[PDB]
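Peer 1: Provided hereafter are the protein sequence and its experimental coordinates.
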There are 2 protein chains.
Amino acid sequence: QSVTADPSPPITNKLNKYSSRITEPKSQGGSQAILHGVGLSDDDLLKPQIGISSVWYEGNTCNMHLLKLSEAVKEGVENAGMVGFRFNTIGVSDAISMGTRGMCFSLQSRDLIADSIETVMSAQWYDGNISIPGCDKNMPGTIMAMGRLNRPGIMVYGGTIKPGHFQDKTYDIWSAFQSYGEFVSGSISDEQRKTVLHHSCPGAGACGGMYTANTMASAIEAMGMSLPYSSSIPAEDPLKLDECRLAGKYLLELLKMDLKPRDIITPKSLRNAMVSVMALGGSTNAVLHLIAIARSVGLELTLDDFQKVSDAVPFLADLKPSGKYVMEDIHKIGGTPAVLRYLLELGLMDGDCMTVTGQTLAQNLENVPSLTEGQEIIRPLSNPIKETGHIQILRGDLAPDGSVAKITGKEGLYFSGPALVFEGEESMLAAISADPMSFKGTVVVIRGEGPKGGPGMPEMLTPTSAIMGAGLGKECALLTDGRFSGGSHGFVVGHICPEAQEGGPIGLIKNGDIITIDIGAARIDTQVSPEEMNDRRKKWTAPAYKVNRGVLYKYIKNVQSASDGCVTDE
Amino acid sequence: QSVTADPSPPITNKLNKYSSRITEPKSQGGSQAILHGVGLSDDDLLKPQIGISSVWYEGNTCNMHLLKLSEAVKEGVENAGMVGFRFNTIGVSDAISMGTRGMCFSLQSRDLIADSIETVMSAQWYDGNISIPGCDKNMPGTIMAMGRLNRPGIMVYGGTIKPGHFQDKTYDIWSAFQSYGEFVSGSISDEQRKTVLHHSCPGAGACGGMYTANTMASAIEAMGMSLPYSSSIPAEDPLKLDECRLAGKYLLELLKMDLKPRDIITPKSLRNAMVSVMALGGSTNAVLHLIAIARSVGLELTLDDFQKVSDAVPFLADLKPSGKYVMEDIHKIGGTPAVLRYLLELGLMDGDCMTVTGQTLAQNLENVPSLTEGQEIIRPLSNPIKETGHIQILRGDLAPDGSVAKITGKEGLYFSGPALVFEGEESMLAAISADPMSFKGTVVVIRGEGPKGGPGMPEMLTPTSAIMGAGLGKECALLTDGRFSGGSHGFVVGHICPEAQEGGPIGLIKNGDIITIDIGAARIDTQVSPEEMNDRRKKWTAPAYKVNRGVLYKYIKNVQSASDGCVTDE
Ligand code: FES
Ligand code: FES
Ligand SMILES: [Mg+2]
Ligand SMILES: [Mg+2]
């Protein structure tokens, strides 16, 4: 599709295609005077200008180290004969905001980050970009900006956090999230609870397991938009700083080849990213982010594309949440390149795709050490953890425009039960606390948590933990138009579309309606007749929006459905 | 008005009204684990958390020093017994982008900055904010965020740049903008031109005269949202770092009083800001930014309010662009507090308004040194530069919803001439180059440069300089639905509403239509009959938008008219 967003270069083989707009014409003397004031010499004006976009801030572990990484990227850009100009956008902490109304601001931060980087690159006429995200929503935001601008770019992942260790126990952020419920159930004492909180996050880096950040870092490496090993080198590893110092050398080569994001992000490399998500058991959130990335380069990517790749790619990796190990253990067995080399050898990946190294994926992977002999993290193709991928698309009566579930295969094939409907997370949690037994056998519906109804499509962790804490994990099902962070050991479906705020069938369910989930048929159905459902829709009125001003009201005005990746600029 | 945007504090006299949402409940153990990982002790969890939002980036003189200022703010916050968490948003350089399509991204950056700070403060549950903007659009963006959140906040202006000096000549960014035209006219040699560019911007700080940055810094100080002297201390002055180190002490007192932005930004303090703009000859851009600030706190502010204050307040200050001196000279004669003390003594200002010092404006100004004896920058009330303010609101046939002009009083009372219409800056400049004499006596209309048509309401400097370079300054008039950066010595009107993209009368003007500007009647009229104008409107079709994706398409979808301050969140 013909994306029209950002300025075109003035009208070659020059390396400063964009910055020449302001450094060369005498009519841009004001621009050149500012550039002299910031320290550029006349000779520096002849060089390419690289925008170095970090997402540093001090109040989150995933982002507090990124200013140090940005300094290393700048040094490397200068060492490559170019001008490096650092800038920095916002981000938010999913781990801090989880459980609170601040989570309404998280998903849209991806789109704000994309707008932020697009704005600076366009106004300042930078020739290329190196982005340094370190947290969940940051990663896709930086790629989406690169796709809109279509200027040479590289994403340097800030790296994963290391697990915490204390007194021969290991902890991560998920240990800290689970601490409260374990204390309420009497599984741990208050003092043991406090010990978890002091040792779960030991330093810088993104949350430690195969959750959204590590899913997206790995997928973006598989897509060719990060250098080999970026996704698997830990945040505090000296090799991460070395990658930062090399990004300028690689970007220089991309400027010489004019190898741009829309030359790298293609239908085949989007498929390669999706293959990595299925093989590694990555997060359902990658559906939203990979759709948004595809749209940013003018391509199409639908829920059905995800179902087809899921069916074609087995789940192979024993990594948390589903499994035992964490990202740092992948690092020790050869890293993301070793994993992708195996998937390429199995024929699951397209090796001809160009990448930010200036060569193809197959050329990158030809030389990397293979998975360490004897490793038990990546299963052989003949003994997979699941025959197909975890990610499942469900439609049917109640999700006619789609929905997304993580299906391990241990939940069974079907669930049927009467609906128990809540207009938000708070009322569901109050009910399961006051009367957990009323939840046994039900299909729990938490609605009004979609892109517009939330607002902001918040991710919710407490409902699954509350259900497991009450002993109900395999005894009820959970449905939302929002997102769920965890599994329950039972059926858990998010992203239901249309959302309740938009008058989708989820907004018409009544307590007691019999809902049946059929994984084989890929349907979430209701025993209520289509005619009675249409009767309810004729009487339905959309509730008032929860905001009338500020960034979230703009989001309500702009956001597309979850099946459309919640893009905001169409 | 009942603004609903951001989270409410959990339900006092505590100083951590918001951060207690995440530091106190056992159910927020994940939040506390992240906070330990970023370095907070158990005792630190009891403290207020201050979001310190800077707009640092390396590629603009107005912003390159702001990371150093942010470190000083953090030290002062810690010295005041609180936790300081730095974060940083984007900005763009009007001086670099001027003359290019990158300028389409400038005005909307104000609204992106507001969204950015709102997002972080909300997701992270910070109790208060100290913002450090240093450039044009940054300032109102930070205040708009503070107004939405209504949490205690202080804006620390990054400070003005100093004029450049070389070989007994003085230069500023405007010298550099004018260099090309002077070279084309043969007024200066190419070597003299190059010398201007090397000496116009000597260090850090916002553009040096009473242009938008210094207008807004002064207005925001007059509004009570910056500490005394913030607007007049130069960026490179040691006293600016001292102000940074004191902001935490003042913010602590605001948390103790719960003195919030909506307690400080009121109809009376908005009027005080407007008084400072009129007395100092500040930029027409302040109309857009002060309207947006008023809306952010749920207040009303219209073009007619600006006309009433302009009529009530004389233009008193001999400052560039209109005058001789620059901001650093105001600093030497007692600074912005001395100016405001004089305006308060004259009865032009409401002294009872509360400010970020925890006291009223009158209490702040009681002790400040008055304007230095013998100073000739601020005229006495009995000998003003202009009896009323420079800012004039014009309506009439062609701007029925309003427009904004800077009127010195030396242009005369009326202009009439045939219309010469251009669909953008490029075609106007091509025409004045190829045939300057065809412009003599005309009313030049540059349309399609509005919020949606530009897109982005770009500010245009070249048309006025081209008109003066051709010797036509007092021989034609200039009208736009966009914005003009400079004066021409003749009639120059911007912000014409409705804009051409919206089918306003400006979009129906044809070459040769007789247009009359009447300053006394405050009207821009056409000799074309209302019936023929309505005939043209019935045949008019809106042109296609110039973008279909990215941040500027979102802006097109969200932005209100210039008469409504180009707000995006309503
Ligand atoms: S909060 Fe950053 S990846 Fe979890
Ligand atoms: S570009 Fe920053 S105030 Fe002029
Ligand atoms: Mg996510
Ligand atoms: Mg402005």
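Peer 2: Arrived safely, thanks for sending. Residues are numbered from 1 along each chain as shown, chains lettered A, B, ... in the order given. Ligands and ions are numbered 1, 2, ... in the order given.

Peer 1: for the rest of this, base every contact and every neighbour count on C-alpha atoms.
Peer 2: Fine.

Peer 1: what's the domain layout of chain A?
Peer 2: With domains defined by automatic domain parsing, chain A comprises A:49-162+A:203-355, A:164-199, A:393-564.

Peer 1: the ones you listed: which one's closest to residue B:284?
Peer 2: For the domains of chain A, the distance to residue B:284 is smallest for domain A:49-162+A:203-355, at 22.1 Å, taking C-alpha to C-alpha.

Peer 1: taking the stretch 401-550 of chain A, what residue is nearest to ligand 1?
Peer 2: residue A:485 (10.7 Å; C-alpha to the nearest ligand atom).

Peer 1: do you know how far the residue nearest to that residue when sequence neighbours are not counted is from chain B?
Peer 2: Leaving aside its chain neighbours, residue A:485 sits nearest to residue A:461 (5.0 Å; criterion: C-alpha to C-alpha, 6 or more residues apart in numbering or on different chains). Relative to chain B, residue A:461 is positioned 11 Å away (criterion: C-alpha to the nearest C-alpha, to the nearest Å).

Peer 1: longest strand anywhere in chain A?
Peer 2: In chain A, with assignment by DSSP state E, the single longest strand is strand A:414-422.

Peer 1: ok, and what's touching it?
Peer 2: Residues from elsewhere that reach strand A:414-422 (C-alpha atoms under 8 Å, 6 or more residues apart in numbering or on different chains): A:428, A:439, A:441-447, A:476-477, A:491, A:509-519.

Peer 1: thinking again about what came up before, point out the most buried one among the domains of chain A.
Peer 2: Looking across the domains of chain A with neighbours counted as mean count of other C-alpha atoms under 10 Å in any protein chain shown, the highest average goes to domain A:49-162+A:203-355: a mean of 24.

Peer 1: wait, does that one make contact with ligand 2?
Peer 2: No - counting by C-alpha under 6 Å from any ligand atom, no contacts exist between domain A:49-162+A:203-355 and ligand 2, the nearest distance being 11.0 Å.

Peer 1: give me the three-state assignment for residue A:409.
Peer 2: Each residue gets one of three states, and residue A:409 gets coil by DSSP: H, G, I helix; E, B strand; the rest coil.

Peer 1: can you count the residues close to the residue lying closest to it once chain neighbours are set aside?
Peer 2: For residue A:409, ignoring the flanking residues on the chain, the nearest one in space by C-alpha to C-alpha, 6+ apart is residue A:386 at 7.2 Å. Counted with other C-alpha atoms under 10 Å in any protein chain shown, residues neighbouring residue A:386 total 20.

Peer 1: where do the strands of the stretch 251-400 of chain A begin and end?
Peer 2: When secondary structure is read from DSSP state E, counting those that start in this stretch, the stretch 251-400 of chain A shows strands at A:391-393.

Peer 1: which residues touch the host helix or strand of residue A:220?
Peer 2: Taking DSSP states H and E as the criterion, the element that holds residue A:220 is helix A:212-222. Contacts of helix A:212-222 from elsewhere in the structure, counted by C-alpha under 8 Å, 6+ apart, are A:134-137, A:139-140, A:157, A:160, A:206-208, A:226-232, A:269, A:272-274, A:276-277, A:280, A:282-283, A:285-286, A:327, A:336, A:340.

Peer 1: how far away is the nearest residue to residue A:387 once chain neighbours are set aside from chain B?
Peer 2: The spatially closest residue to residue A:387, leaving aside those adjacent along the chain, is residue A:314, at 4.8 Å (C-alpha to C-alpha, 6+ apart). For residue A:314, the distance to chain B equals 32 Å [C-alpha to the nearest C-alpha].
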